[PDB]
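Examination of the molecular architecture
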Amino acid sequence: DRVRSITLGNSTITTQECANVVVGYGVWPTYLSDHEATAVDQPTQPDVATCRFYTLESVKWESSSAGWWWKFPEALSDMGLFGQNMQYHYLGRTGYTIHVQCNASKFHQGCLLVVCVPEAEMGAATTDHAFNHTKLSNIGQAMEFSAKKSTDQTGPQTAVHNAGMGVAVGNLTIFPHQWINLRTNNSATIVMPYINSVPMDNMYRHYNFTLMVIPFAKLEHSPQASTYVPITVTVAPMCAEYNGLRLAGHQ
Amino acid sequence: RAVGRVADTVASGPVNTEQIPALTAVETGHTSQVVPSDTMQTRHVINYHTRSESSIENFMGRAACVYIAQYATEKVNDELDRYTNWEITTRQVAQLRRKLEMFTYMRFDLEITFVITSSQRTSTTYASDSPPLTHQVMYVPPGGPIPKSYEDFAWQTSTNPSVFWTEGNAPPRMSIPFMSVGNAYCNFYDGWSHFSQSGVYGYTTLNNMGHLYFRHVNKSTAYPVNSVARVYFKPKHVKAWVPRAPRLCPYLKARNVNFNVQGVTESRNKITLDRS
Amino acid sequence: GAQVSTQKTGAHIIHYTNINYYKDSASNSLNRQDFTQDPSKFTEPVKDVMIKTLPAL
Amino acid sequence: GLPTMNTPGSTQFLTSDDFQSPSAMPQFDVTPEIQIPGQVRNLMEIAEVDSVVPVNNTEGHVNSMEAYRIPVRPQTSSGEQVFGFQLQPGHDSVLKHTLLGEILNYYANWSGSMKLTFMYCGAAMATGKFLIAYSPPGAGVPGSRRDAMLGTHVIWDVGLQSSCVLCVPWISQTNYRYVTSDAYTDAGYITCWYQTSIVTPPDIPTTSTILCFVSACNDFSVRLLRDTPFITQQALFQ
Amino acid sequence: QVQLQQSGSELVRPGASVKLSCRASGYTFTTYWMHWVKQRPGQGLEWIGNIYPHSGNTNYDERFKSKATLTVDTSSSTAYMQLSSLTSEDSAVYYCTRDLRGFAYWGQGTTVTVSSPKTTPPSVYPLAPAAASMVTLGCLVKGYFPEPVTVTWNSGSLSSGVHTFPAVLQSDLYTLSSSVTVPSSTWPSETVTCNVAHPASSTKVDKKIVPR
Amino acid sequence: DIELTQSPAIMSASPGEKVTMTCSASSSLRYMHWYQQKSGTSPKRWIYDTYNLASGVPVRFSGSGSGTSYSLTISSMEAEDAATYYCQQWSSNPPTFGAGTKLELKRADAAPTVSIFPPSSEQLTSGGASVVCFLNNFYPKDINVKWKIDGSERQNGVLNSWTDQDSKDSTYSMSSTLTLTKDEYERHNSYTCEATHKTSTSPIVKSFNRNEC
Ligand SMILES: CCCCCCCCCCCCC/C=C/[C@H](O)[C@H](N)CO
């Protein structure tokens with residue numbers, strides 16, 4: 001059906017035009033088991049103070065927009081007690097529920113691709129130059145793709161048809177994805193598990209995945225319609241646990 | 001029914017139903033499972049085709065050149081000297097790097113073959129009887145003592161593995177186990193080496209596999225001789241996770257994912273086909 | 001330890017013998033006869049099952 | 001001293017052999033594997049996933065997102081053409097760089113049925129009907145909707161379900177076709193036509209957009225591994 | 001340890017064939033490249049010539065071609081770097097470095113000038129002031145043609161505050177200065193003297209400083 | 001085209017700061033060597049193969065550099081780190097490398113003294129004339145000097161000799177001398193020296209005349 005309710009902690013998301021839920025690679029998030037652990041000490045597991053819906057800021061969809069990206073867990077570093085547990089611990093491990101939501105009327109058109117791309121290592125704009133960590137991910141800010149190519153000396157390459165990775169942007173539909181087609185869709189929901197080559201990892205030096213929202217068909221409407229269409233991203237951690245308690249980082 | 005064998009097609013007739021296999025919604029992230037037995041009338045075909053060539057072991061299990069080493073019997077500069085080294089990486093050749101970068105994480109054993117040819121350096125005379133040339137390919141694990149020069153003590157290889165090979169025979173070969181400290185080889189790494197998000201960005205900080213040192217074990221020749229050692233890698237017992245989109249742009253560096261901006265495909269003159 | 005498998009042959013004397021000579025499993029030959037697959041992780045990664053003949057919404 | 005005899009083939013290096021070799025690190029303790037999601041066992045699990053096709057690749061639109069957007073508008077007379085390409089999944093410039101195209105370029109043969117999914121991305125108040133056909137190669141490309149209704153077609157009705165699937169069947173005289181296309185293994189043409197029109201209420205933009213997705217059915221296979229003709233280099237990457 | 005040093009040459013009567021001597025014996029003999037790095041007083045580091053003992057394949061550099069003969073003699077273990085038909089530009093410190101991966105085993109370097117001058121004696125001249133708790137001193141050496149000079153104060157008993165100045169050449173002659181700090185407890189009580197000696201020209205000049 | 005040397009000519013750093021290096025080469029490279037030339041003996045080898053090692057180099061030294069730009073960075077300077085650094089590249093016409101990247105140890109800036117020693121009877125008898133003034137124990141290196149006699153300026157025959165960096169105070173000492181003739185010194189009266197520097201406001205003046213013996 002097209003209705004859906006998601007409850008995580010003291011927060012609830014309601015939806016009346018839902019497509020479906022994409023669950024990762026068929027895997028639901030879960031805790032670590034004893035036959036896959038490496039660290040010996042007991043982990044902490046705050047199940048309701050940390051696994052709840054955290055809403056980021058909004059972006060403005062225009063007829064010239066190229067797309068946006070957020071890198072996780074670094075996009076939720078200032079969000080509540082999820083961000084405070086990242087400061088005091090050496091290792092962390094979590095899955096996510098991403099709910100991207102964009103509403104418009106029956107007289108608007110446009111289509112977004114909402115991918116969750118694991119290990120989206122980005123190539124630099126000025127090749128032969130290393131590039132900063134502030135141009136890759138701020139703490140909650142949405143970084144913007146560009147239509148043409150980027151000539152920044154210390155940033156990544158933001159031409160959206162290459163997706164910043166050297167690939168074709170049309171082939172991004174093997175990562176867990178959903179579309180928001182304004183003719184038929186209101187929001188997109190993707191449930192991501194923990195994907196890594198190690199059972200636990202530092203949540204500061206490493207970006208797990210990158211959520212991109214790319215407009216494939218551009219937003220166009222009548223001039224007498226409503227011109228401000230926002231896109232809002234609500235992310236909830238799932239089954240988050242942390243090892244290695246020490247003083248507050250991060251260096 | 002055997003495993004690997006593709007599915008047969010069933011016979012179908014005309015329909016007039018409220019069922020709609022063609023009408024779907026790709027907004028759900030779901031690829032439709034429409035077979036030709038849903039939108040037309042088909043016959044019963046028995047399909048004997050098999051997907052044996054498409055397996056990860058068959059697609060990866062060919063030997064590919066990863067490096068071309070160069071060293072001489074007499075030193076002219078550096079390079080080329082009486083010995084040479086190579087930090088082990090699968091990212092200096094374009095053909096195997098693109099085959100490996102279709103997966104995010106991998107796990108395989110390694111079979112390594114060296115094809116070591118040799119040729120006489122340009123001189124005013126070449127008439128000299130030479131004994132058969134012997135080569136050494138020492139593997140230095142990460143952190144071990146590297147040879148500082150020729151005739152160094154580190155070529156005594158008391159714990160480091162090492163192969164000797166005389167020219168004319170079969171190429172040498174040895175197998176390598178899965179050498180990572182984590183549970184899988186990381187083809188990509190969206191992250192930094194330091195916790196302050198500085199230093200080295202990318203997969204370079206994770207690949208630490210040691211060096212590979214080459215030399216001639218013969219002390220000299222009469223006239224100098226250049227030598228080329230080609231390293232061939234074949235993965236085996238392969239596991240692969242999280243498939244990536246294929247690399248479109250040509251590579252530029254062996255330590256970066258950097259690229260120049262390229263079009264998504266090739267261009268044509270118009271969007272329609274026009275003839276009768 | 002003579003393992004007798006089936007050779008890869010066409011469709012419409014067919015076996016081979018293998019001995020392992022070394023003590024490490026990294027020293028074996030390739031596993032070229034395993035063709036198992038399940039593409040439903042990538043092609044149908046949904047929460048509620050979508051029937052083919054039914055409407056999608 | 002067991003008497004043996006050397007057959008032709010000794011002391012050779014064939015790059016596609018299965019022999020055993022002595023380990024360089026003997027009795028090495030490998031780290032135990034964990035359950036990572038998304039394990040790939042076949043390359044055809046990847047090729048069965050939808051990827052959007054750049055049909056509108058007329059220059060210069062290959063350096064933007066205009067390659068993927070197929071423009072449709074209200075017409076003045078019905079029966080016009082929307083797009084058209086030749087069914088060469090590894091050779092045509094429309095289909096060779098998709099997710100199904102980059103896998104076929106590692107091979108020299110291909111066989112099986114393929115799927116074409118089309119997605120109307122216009123307003124919720126605009127209606128339309130289309131005819132997507134597939135013509136086998138014996139008689140050239142069609143030049144009208146009358147020359148294309150005689151082929152293998154389907155009539156898309158745009159409604160609540162925004163997508164429709166043209167399934168291209170396997171019609172050939174050989175079991176396998178060639179990836180680098182020749183005249184002997186021609187696979188045909190794919191065209192799309194206006195069945196009626198796009199009919200919109202007032203205060204709606206005229207030009208609209210269809211996205212097209214390609215994948216493979218459950219009888220698809222490939223053969224004859226080879227190197228891809230897409231990647232290249234002159235010197236070694238330093 | 002690689003022994004020992006290199007030897008320096010003086011001004012010769014013109015027309016002869018000059019020849020250095022590098023005593024580089026820490027061998028490890030004999031397959032290596034004795035690359036001869038050169039350096040001017042402008043501190044610029046370029047190369048003069050190399051050799052190979054197994055074959056004889058010598059090399060050179062574009063400024064020192066025609067002719068710099070460097071023949072190998074492994075029984076003497078020496079390496080020569082002098083060039084024939086050279087001009088007066090080669091007043092330079094001459095390194096003779098054996099090889100490793102980099103430039104590891106360098107030489108200590110010998111300075112050799114070449115012209116047609118005459119050896120002139122040094123001239124130790126009085127520097128005394130004509131007012132505080134201390135004073136400076138000095139004795140100028142003016143007009144010595146070859147580069148060896150000597151800076152001595154009181155036969156090595158007041159040798160702490162001796163600031164050593166280089167002799168920039170003007171009109172093809174060297175001019176430096178050599179001072180010392182003298183407190184008022186010893187000025188003008190005791191006799192302070194200096195000596196500039198030229199061993200290439202064999203003359204010793206001693207002067208006792210008395211304030212005017 | 002085509003010359004190759006280090007990028008900074010004369011730098012200055014105290015023991016306790018960063019020493020990051022930058023060079024230039026006329027041709028590309030794969031390896032890069034870094035050295036240290038101290039005043040008094042031959043230079044030594046510090047970094048080969050862009051990172052590897054040396055015999056006596058401590059752990060604080062680091063290096064890099066590929067192609068046409070080198071970098072031999074010291075993470076922390078100490079008192080034993082005062083030397084000139086040059087590069088290396090073997091060729092096929094070696095480039096050549098630089099002449100050495102000069103540096104001096106930094107401390108509090110010193111103001112000098114100036115002492116004029118008048119020409120005695122032994123120089124005027126022989127046929128010479130030289131009025132001297134010695135600028136010793138100053139910091140940094142740059143000093144504007146000038147020779148003024150009876151009001152007007154003179155720049156012919158002047159000298160600027162430079163001591164090296166000291167081992168005890170690590171300051172400099174300069175000799176500012178002109179040469180004259182026996183009747184050239186007998187046609188002026190007041191021979192002075194002013195040493196202009198940024199430490200003091202006005203340059204220090206010492207004066208003497210000829211009408212006293
Ligand atoms: C003379 C004896 C030669 C023996 C050869 C030993 C070399 C074996 C070490 C290499 C093993 C790991 C190879 C690395 C694979 C890829 O780089 C990983 N995907 C990234 O780390």
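Residues numbered from 1 in each chain as written, not as in the entry; some residues may be left out. Chains lettered and ligands numbered in written order. Heavy atoms only, no water. Residues with missing side-chain atoms left out of burial classes, pairs and counts.

As summarised from the PDB record, the model derives from cryo-EM at a stated resolution of 3.1 Å.

A word on the state of the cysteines. Per the counting criterion, the structure on display carries 3 disulfides over all chains. Here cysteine 139 of chain E engages in a disulfide with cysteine 194 of chain E; their sulfurs sit 2.0 Å apart. In this pair, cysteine 139 of chain E is assigned in strand β9 (residues 139-144) and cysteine 194 of chain E in strand β13 (residues 192-198), connecting sequence segments 55 residues apart. Look at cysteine 139 of chain E and you get buried, because its relative accessible area is 3%. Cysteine 164 of chain D takes part in no disulfide bond, and the closest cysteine sulfur, belonging to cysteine 192 of chain D, lies 9.8 Å away. (Disulfide = S-S within 2.5 Å. Helix = DSSP H or I, 4+ residues; strand = E, 2+ residues; numbered from the N terminus. Buried < 20%, exposed > 50% of the residue type's maximum accessible area, 1.4 Å probe, protein only.)

Here we come to the environment of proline 45 of chain C. Tracing the chain through its elements places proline 45 of chain C in the segment after α1 (40-43). In this structure, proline 45 of chain C is in contact with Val21, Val22, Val23 and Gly24 of chain A, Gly29 of chain B together with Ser40 of chain C, ignoring residues within four places of it in sequence. (Contact = heavy atoms within 4.5 Å.)

With that out of the way, let us pick up the interface of chain C and chain A. Listed as interface residues are 8 residues of chain C and, on the opposing side, 13 residues of chain A. Two residues, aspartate 48 of chain C and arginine 4 of chain A, come together in a salt bridge whose shortest N-O distance is 2.9 Å. Linking chain C with chain A are 4 residue pairs in polar contact. Each residue belonging to the side of chain C that touches chain A can be placed in one class, and the counts come to 5 nonpolar, no polar and 3 charged. (Salt bridge = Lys/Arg side-chain N within 4 Å of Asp/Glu carboxyl O. Polar contact = N/O pair within 3.5 Å; in protein donor to acceptor, adjacent residues only side chain to side chain. Nonpolar A, V, L, I, M, F, W, Y, C, P; charged D, E, K, R; others polar.)

Residue and element names in this part refer to chain A. If you trace the 5 strands from one edge of the open sheet to the other, you get β3-β10-β6-β12-β4, paired in mixed fashion. The open sheet has two free edges, formed respectively by β3 (18-23) and β4 (54-61), since each of these has just one partner strand. Each strand axis lies, on average, 25° off the axis of its neighbour in the sheet, ignoring direction. Pairing geometry for strand β6 (residues 89-101) and strand β10 (residues 187-192), over 6 bridges, is antiparallel. (Pairing = 2+ DSSP bridges. Axes fitted to C-alpha atoms, helices over the stretch in contact; angles between N-to-C directions.)

Let's shift gears to unusual backbone geometry. Across the junction of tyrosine 27 of chain E and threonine 28 of chain E, the peptide omega takes the value 10°, indicating a cis bond. Among the secondary structure elements, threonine 28 of chain E is positioned in the loop between β2 (21-22) and β3 (37-39). At the junction of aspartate 1 of chain F and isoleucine 2 of chain F, the peptide bond is cis and its omega measures out at 0° in the coordinates. Among the structural elements, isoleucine 2 of chain F can be located in the segment before β1 (10-13). A positive phi angle, close to 60°, is found at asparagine 93 of chain F, a residue other than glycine. Relative to the elements of secondary structure, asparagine 93 of chain F occurs in the loop between β5 (70-71) and β6 (102-105).

Time to look at the side chain of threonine 265 of chain B. Assignment of secondary structure puts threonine 265 of chain B in the segment after β9 (225-243). Within the local environment of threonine 265 of chain B, its side chain forms a polar contact with the backbone oxygen of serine 93 of chain D, the two atoms lying 2.4 Å apart. Non-local contacts of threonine 265 of chain B, meaning those with residues more than four positions away in its chain, are made with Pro54, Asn57, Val62, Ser93 and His97 of chain D.

Here the focus is the interface of chain D and chain B. Taken together, the contact pairs 98 residues of chain D with 92 residues of chain B. Around 8200 Å² of area is buried between chain D and chain B when both sides are counted, 59% of it from carbon and sulfur atoms. Sorting the residues of chain D by area buried against chain B places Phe13, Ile231 and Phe237 of chain D first, and these three jointly supply 9% of that buried surface. Inspection of the chain D/chain B interface yields 5 salt bridges. The residue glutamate 33 of chain D makes a salt bridge to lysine 239 of chain B at a minimum N-O spacing of 3.3 Å. With 6 residues, the single largest contributor to the side of chain D that touches chain B is strand β3 (residues 81-86) of chain D. Taken together, the residues of the side of chain D that touches chain B sort by class into 50 nonpolar, 34 polar and 14 charged. (Buried area = accessible area lost by both parts, 1.4 Å probe.)

Residues and elements named next belong to chain B. In the vicinity of the ligand lie 15 residues, with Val137, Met138, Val163, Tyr185 and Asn207 positioned nearest. Take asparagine 207: an N or O atom from its side chain is 3.0 Å from an oxygen atom of the ligand. Protein coverage of the free-state accessible area of the ligand, which is 610 Å², stands at 97%. Elements with a minimum of two residues in the shell around the ligand: β3 (103-120), β4 (134-140), β5 (162-166) and β6 (173-176). Residue classes in the shell around the ligand are distributed as 12 nonpolar, 3 polar and no charged. (Near = heavy atom within 4 Å. Areas by Shrake-Rupley, 256 points an atom, 1.4 Å probe, with all protein chains shown as cover.)

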